[PDB]
Amino acid sequence: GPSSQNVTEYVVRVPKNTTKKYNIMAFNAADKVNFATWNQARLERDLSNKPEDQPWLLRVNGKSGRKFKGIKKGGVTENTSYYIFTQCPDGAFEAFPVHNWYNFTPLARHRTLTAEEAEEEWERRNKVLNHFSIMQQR
Amino acid sequence: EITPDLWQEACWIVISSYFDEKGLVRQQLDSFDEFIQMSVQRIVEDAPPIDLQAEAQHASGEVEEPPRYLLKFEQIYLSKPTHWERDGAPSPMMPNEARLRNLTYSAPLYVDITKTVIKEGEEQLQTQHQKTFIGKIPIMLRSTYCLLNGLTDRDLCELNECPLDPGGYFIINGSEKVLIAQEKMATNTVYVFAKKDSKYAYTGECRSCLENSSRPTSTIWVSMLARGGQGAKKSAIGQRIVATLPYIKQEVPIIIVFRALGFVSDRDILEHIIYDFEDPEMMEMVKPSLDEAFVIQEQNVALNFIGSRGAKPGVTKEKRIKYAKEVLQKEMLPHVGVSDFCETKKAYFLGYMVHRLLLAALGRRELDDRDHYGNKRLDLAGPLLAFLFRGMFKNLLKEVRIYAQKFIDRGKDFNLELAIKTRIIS
Amino acid sequence: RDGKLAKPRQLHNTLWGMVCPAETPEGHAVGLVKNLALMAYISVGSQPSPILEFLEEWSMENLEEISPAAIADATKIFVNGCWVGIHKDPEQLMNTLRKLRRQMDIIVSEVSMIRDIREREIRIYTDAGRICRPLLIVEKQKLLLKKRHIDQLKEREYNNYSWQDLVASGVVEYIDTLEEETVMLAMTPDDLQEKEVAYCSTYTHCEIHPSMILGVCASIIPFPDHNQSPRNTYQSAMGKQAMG
Amino acid sequence: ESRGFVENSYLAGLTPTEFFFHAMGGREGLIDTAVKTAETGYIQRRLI
Amino acid sequence: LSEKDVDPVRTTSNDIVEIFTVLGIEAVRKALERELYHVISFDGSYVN
Amino acid sequence: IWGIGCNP
Amino acid sequence: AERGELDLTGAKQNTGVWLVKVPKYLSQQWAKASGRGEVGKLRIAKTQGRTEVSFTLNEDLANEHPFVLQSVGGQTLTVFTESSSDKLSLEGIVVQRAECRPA
Amino acid sequence: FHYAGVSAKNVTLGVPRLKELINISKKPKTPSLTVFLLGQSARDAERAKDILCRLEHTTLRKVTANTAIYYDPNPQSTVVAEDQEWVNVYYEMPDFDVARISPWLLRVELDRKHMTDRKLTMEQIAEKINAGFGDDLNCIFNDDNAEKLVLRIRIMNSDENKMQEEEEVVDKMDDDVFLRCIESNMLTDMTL
Amino acid sequence: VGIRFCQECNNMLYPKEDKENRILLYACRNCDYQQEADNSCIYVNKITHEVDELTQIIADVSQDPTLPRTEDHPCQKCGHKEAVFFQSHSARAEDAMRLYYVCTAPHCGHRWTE
Ligand SMILES: [Zn+2]
Ligand SMILES: [Zn+2]
């Protein structure tokens, strides 16, 4: 059929300015990120100082869902540029420059050892007893 | 189109051309030449711009309270070697006359200095003092900046200098001094050595430096502790990897260091450390160190662990965390990166160091040889004089700051010419 | 000098062609003070930026997704430190780099590129301290140096042909100790490169002349190969003390 | 030949690789002498 | 020494400290003399 | 310089 | 519905996007005018069991760019935009990566 | 170096040996002991080799080809296919299973060459291990005729049942961590 | 034999005996995830550590000019005459002067020890 020899050629458009800037959101494959359960999400600048030059915090499905941290790419692309091609009804590709690159990594929604207790536990480095029971106690 | 059995003429013709273009001392000369140009500009550029304002407590009100004074060193210049007589007229100094009169063969060094002053009225004023004289640099003979350079043998004879003299030395106080190339270990290179009597079975060292812009070296160790020590848990766990990070009083477990770089998950840490997950032996090697760091499962907790072991303790908890983070971003693995999101690069390189230690322990790679001259570098005139100028230019900036601060606290004014002490560099 | 360990002092094999074997001071400094060989040259240093730009252009994807993958990505491109990415193809990259060294675009003569085929790592060192020596280049079993180059050099003056032109042609190359580890050398073209009972058929370089392994003071010694080795060190020391 | 053996005599003249290996051996001898002088002197002083 | 089929009379150790602790000060005198004589006379040099 | 049993 | 909410409609529609690494000369040629709405034409030719991608530079712009594909199974990428109205949105998921090389 | 090799045993000589003797250093660089044989053992090489074996330190690690820890839920289950026979034999008339059996099994496998060189016996090794550690470690030893020399070690039966311990029912060092500690101890400290 | 990681937090699992059903498990300590043990083997240690180094030899090694090669031993797969041989090139190899062979010519990379 036509699929074995189809040739597709489309116009390329690069608007001078776009109201919304374009970024890259990269998830590690082993994380098994799935968007079906992403009913809601919250992306905001971090507050670890407790703005434009600070990392990003993502909280999917509120506190109940997984949280991810995104850090801009340190290596600048002084000799490289990245563009994204999106399908449009007019049938012409549109290219938008990548303003920023972010790698998001998740944090488990598991109980977290308090810093004081963690220091006390490390004082007993030779934990002869099972560590799993220790985690259960906390 | 071959030259067989005529080779004895060929090798010596090519050697003749070699020694005709260069000569024997081309190391020293070339080093010095490179040094001057590149190094001095670089250092003058790399040094932080001088920031300065009057103390708020000293004067009441905020109308003129921050008179910010900013000093930037734009560009470097060197004149031909010059002697300033007692009358004060500059004169060209021939090397022979410098030897005879016990003078120093040196050239004046001029830096353009731009002073920008903000009076808090938003009317910042920039005044550029061009060709400000900061010091005198001794000039290596027959280098590009020596007067003898580019002179035919007849011209050299007119100046009572030998045509055959190699150069490559400085006339300091009328005496010829030769910088001797100093051997050193290679920088920015991971080397795994074994110390027999140490508590570590193997140690991997990287004498990291950022293009020698500052901080001659920032050495970091990743070493696997020996299993010779006997204890119940010690026998169970086996050898554990520890990191002797710079500016830290004692050893830090390696997995904690990786989590401090933001890589909390064990899988990700091992991805950096163990490039092939399939190999069982290396995974077994890394298991005990993970057991040691099982307590700390968060980046902030790991930073606090590092800060607690820092050489100077921080009273505040968040002070310790911030101190550890800044210390890692600067001191640890400086050559990989020094700011922003170089954390991933530092994690990959530290994982490479741990991986190389694992390969040495498993026997997959041989231990590095200290005497292998590939692992050695030679510091010629250029690197040594560059280190000297780094130190002395920093001291000159410090003295300028001191004089400036006194006059600024008065609020009278500041003069760049008075602040610069040529004595320092010269 | 106080340390009595007979290990920092001994003449290492890597010193070949770059530090004089004979010329060493005798006393507390035996083997601790050394002297450059006649043909040795020391790197003055260079900016690594153009090399990194070339590597980015060729391939060397950085911030890859755990692509080393049992070093399936053959080799890991290092520069003066700084793992800067990895390449799937490590022989093509090395050959392209050698061609660039010839054309002198991104690689000055001093830039040293090392590929460790086992351990899959390419080091690309330009760090201003490396001691390197000129070696002729052997392609197949034939030296690249030919009668055209030698005839032009023989007419050196009023022909405006020099050593730098020999380097630019790609006939000669500067190899440092790291590269000396990865290079098959022939002492002499006729004796070694020519077909015989095949010791090696993969010579990559040839020494310009063996005698250059000696320093300035040891070079004056006539028939040094016919003397006992300590007797050449003594002559170096004594020639530094001759009256002339 | 690879590991150091020098078949040529002094009168015949060492080949280049043989020359470097011979230099290595002579260097070891010289280092031994220089290092030995201090240890033996310390021992002698202690005994006396 | 106390192992079966080991000669008690002639079995000797190079360590003078072990000889002291096990066999006495006179035995360590003779053993020290033997060891010193061995190291001196291995070269063939004779000391009275 | 002689052999393993001789001198270096 | 809040300021920090992310419009995941693009993810729901499973919009596929292509990521390409292009050189500085091409990007600078595009940036020269950057307002004419046209920079070149992307031509994809498919055969029985092989596909090739190429880009032709505009004739006005110049006064062939083959594309090499890369596997995207080792990493999942998505594109999100921060609107000037503080309304974050997701444009789509990256389904293919390509590199542009000089001729 | 340059010392004549009369025997394959290195000896300090020259200035360093003089330093050791004159300093009366507690740690000699090469402590050595010359042993003369009293009886016919001196004349006959086999008896001398017996004395050599009796006088040379041998750890379990020297004769152990490879060690593995398998979680075996039942002795009859015989997760390792090979032991199924010999386990059955030992459990035809089971001994010390009355208290209980350990759910973890340390299946050490010894190299026949090392065993025959040191002339060690499976009963000898098993007796040393079981007696020195006590009733807590129970060891099953293969026949020498079997191709694989296998020692199956299990933790204390009474400790597994916990009737003997009484006190609090709390695991100490789990069981597999304790078994790994036991394995390291056996590897370097058996002194067979 | 190998190490496996949790599917929620990607941390390291640990073996735990199931006391009720007598079935080995792996349970992450930082969450409640549990997965039964399929392999039934946990800690394997090879003291002689006899490992075929053919697994550690890279085919790319056939491109090294500094290695020796012979035409005597042909390859098994393609029957190519050139074969580049080298020793263990490994520390703690016990005592092995055995020659390892790698087939030259592109992409074959077959390794046979004789
Ligand atoms: Zn988990
Ligand atoms: Zn083949």
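Here the structure is shown first, and the text comes after it.
Residue and element names in this part refer to chain I. The zinc ion (ligand 2) binds to the protein through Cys75 (SG), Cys78 (SG), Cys103 (SG) and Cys108 (SG), with metal-donor distances spanning 2.3 Å. Taken together, the four donor atoms surrounding the zinc ion (ligand 2) define angles of 103 to 114° at the centre, an arrangement classified as tetrahedral. When the donors of the zinc ion (ligand 2) are listed by position in the chain, the intervening gaps give C-x2-C-x24-C-x4-C. Separated by 33 residues along the polypeptide, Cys75 in the loop between β5 (69–70) and β6 (83–86) and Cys108 in the loop between β7 (100–103) and β8 (111–113) bring together distant segments of the chain. The pair formed by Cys75 and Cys108 is uniform in burial state, with each residue classed as buried.

Six octahedrally arranged donors around a metal ideally form angles of 90 or 180 degrees; four tetrahedrally arranged donors ideally form angles of 109.5 degrees. Residue and element names in this part refer to chain I. Note on the zinc ion (ligand 1): its protein donors are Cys6 (SG), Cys9 (SG), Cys28 (SG) and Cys31 (SG). The metal-donor distances range over 2.3 Å. Because the angles between the four donor atoms bound to the zinc ion (ligand 1) fall within 99 to 120°, the donor set is best described as tetrahedral. Mapped onto the sequence, the donors of the zinc ion (ligand 1) take the spacing C-x2-C-x18-C-x2-C. On the basis of relative accessibility, which here comes to 0%, the residue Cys6 falls in the buried class. Under the relative-accessibility criterion, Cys9 is labelled buried at 8%.

On to the pattern of salt bridges, then. On inspection of all chains with the given rule, the structure shows 63 salt bridges over all chains. For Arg54 of chain H, the salt bridge identified is with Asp5 of chain E, shortest N-O distance 4.0 Å. One end of the pair, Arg54 of chain H, is in helix α2 (residues 45–55); the other, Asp5 of chain E, is in the segment before β1 (12–13), on a second chain. Here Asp5 of chain E falls in the partly exposed class, since its relative accessible area comes to 24%. Each of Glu46, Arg47, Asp50 and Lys119 of chain H takes part in one network of salt bridges that share partners.

Residue and element names in this part refer to chain B. For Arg99, the position within the fold is in helix α3 (residues 95–100). Of the polar contacts made by the side chain of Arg99, one reaches the side chain of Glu161; its length is 3.2 Å. Beyond its immediate chain neighbours, meaning those up to four positions away, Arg99 contacts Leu141, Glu161, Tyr169, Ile171, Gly174 and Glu176.

What follows deals with the side chain of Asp83 of chain H. In this fold, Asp83 of chain H is placed in helix α4 (residues 83–92). In this structure, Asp83 of chain H is in contact with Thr78, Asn88, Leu105, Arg107 and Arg152 of chain H, ignoring residues within four places of it in sequence.

What follows is about the interface of chain A and chain G. On the chain G side, the residues contacting the 50 residues of chain A number 49 residues. Note on chain A versus chain G: buried area summed over both sides is about 4500 Å², and carbon and sulfur give 58% of it. Broken down residue by residue, the surface that chain A buries against chain G is led by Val12, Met25 and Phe85 of chain A, which jointly contribute 13%. At the boundary of chain A with chain G, the tally comes to two salt bridges. Applying the counting rule to chain A against chain G returns 21 residue pairs in polar contact. Among the secondary structure elements, those contributing two or more residues to the side of chain A that touches chain G are β1 (7–13), β2 (21–28), β3 (41–45), β4 (56–60), β6 (81–86) and β8 (100–107) of chain A. Taken together, the residues that form the side of chain A that touches chain G break down as 27 nonpolar, 16 polar and seven charged. Where β6 of chain A and strand β1 (residues 16–22) of chain G come together, six bridges link them in antiparallel fashion. If you follow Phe85 of chain A over to β1 of chain G, its bridge partner there is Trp18 of chain G.

A word on the pairing of strand β6 (residues 131–139) of chain C. Residue and element names in this part refer to chain C. β6 sits mainly inside the fold: eight of its nine residues count as buried. Alignment of strand β1 (residues 41–42) against β6, held across two bridges, turns out to be antiparallel. Paired with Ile42 across the two strands is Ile131, which belongs to β6. In terms of strand pairing, β6 meets strand β8 (residues 172–176) through five bridges, oriented antiparallel. Paired with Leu135 across the bridge in β8 is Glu173. Here β6 runs beside strand β10 (residues 205–206); their pairing, made up of two bridges, is antiparallel. In the sheet register, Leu136 faces β10, and the bridge partner there is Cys206.

Thresholds applied
Per-chain numbering applies: from 1 upward along each written sequence, possibly unlike the entry's numbering, with residues missing coordinates excluded. Lettering of chains starts at A and numbering of ligands starts at 1, both following the order in which they are written. Each value listed here was derived from the chains shown, which are themselves a piece of a larger assembly. Water and hydrogen atoms were dropped before computing side-chain values, which therefore reflect all heavy atoms in the structure. In this analysis a donor is any N, O or S atom within 2.8 Å of a metal ion (3.2 Å for sodium, potassium and calcium), and since water is not included, sites may seem incomplete. Under the classification used here, a metal with four donors is tetrahedral if each angle lies between 85 and 135 degrees, square planar if opposite donors are over 155 degrees apart and the others between 65 and 115, a six-donor metal meeting that same test is octahedral, and anything else is irregular. Only runs of H or I of at least four residues qualify as helices and only runs of E of at least two qualify as strands under DSSP, and these elements are numbered from the N terminus. Each residue's exposure class comes from its accessible area (1.4 Å probe, protein chains only) as a fraction of the maximum for that residue type: buried when under 20%, exposed when over 50%, partly exposed otherwise. In what follows, salt bridge is the name for a side-chain nitrogen of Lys or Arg lying within 4 Å of a carboxyl oxygen of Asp or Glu. Polar contacts, as used here, are pairs of N or O atoms within 3.5 Å; protein pairs need one atom able to donate a hydrogen and one able to accept it. Residues neighboring in sequence count only if both atoms are side-chain atoms. Here, two residues are considered to be in contact whenever any of their heavy atoms come within 4.5 Å of each other. Buried surface area refers to the total accessible area, computed with a probe of radius 1.4 Å, that the two partners give up upon joining, counted for both partners together. Classification convention: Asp, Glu, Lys, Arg as charged; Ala, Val, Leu, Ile, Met, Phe, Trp, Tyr, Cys, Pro as nonpolar; all other residues, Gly among them, as polar. Should DSSP find at least two bridges between two strands, the strands are regarded as paired.

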